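Two forms, one chain: they're shown below as structure tokens, one block per form, named structure 1 and structure 2.
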Structure 1
């Protein structure tokens, strides 16, 4: 039993050592992962902000077109009426 006790001490110490190494490698991995996550969050917000701003010029472009189509439609109505003096 006194030789078996020391056998347990040696095994447990070696197992603690292995778990400690693994936690250390995981602690480094998580540190790197958080930095990357913060980097993507910032890049994600920038893309969403640029898209939200660009929505304004999409609408103006659409309103500009609508404005011209109505202009054409109205001018065609006037020509049709002027020609109708026959």
Structure 2
């Protein structure tokens, strides 16, 4: 009457193999997570870099204009007054 010895062995084999595939995908998944987590950090550092670059490039543009004004005045001074 009783009969479950060969069936539970089949379930065990199919379970083992399915577990192995789930295992590999999990390990790959964890690997991608750490990678994209460090990528997020590198992303932050990049964002902080471009803004500071935008600040210093602004200070340069303003000082360049200052040089342009002072030169234009040097040009409207010694060349066209009395002579």
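Numbering follows the first chain given and starts at 1. For the two forms, the rigid core is made up of the largest set of C-alpha atoms that agree within 1.5 Å on superposition.
Taking the rigid core as the reference frame, tell me whether residue 14 has a CA displacement of 2 angstroms or more between structures 1 and 2.
Passes the 2 Å threshold, so yes.
Quick one: once the rigid core is lined up, does residue 65 have its C-alpha move by 2 Å or more between structures 1 and 2?
No: residue 65 shifts by under 2 Å between structures 1 and 2.
Fit the two forms on their core, then tell me the C-alpha shift of residue 46 between structures 1 and 2 in angstrom.
Residue 46 C-alpha displacement between structures 1 and 2, core-aligned: 0.4 Å.
Using the rigid core as the frame, report the C-alpha movement of residue 55 between structures 1 and 2, one decimal, in Å.
Here the C-alpha difference is 1.4 Å.
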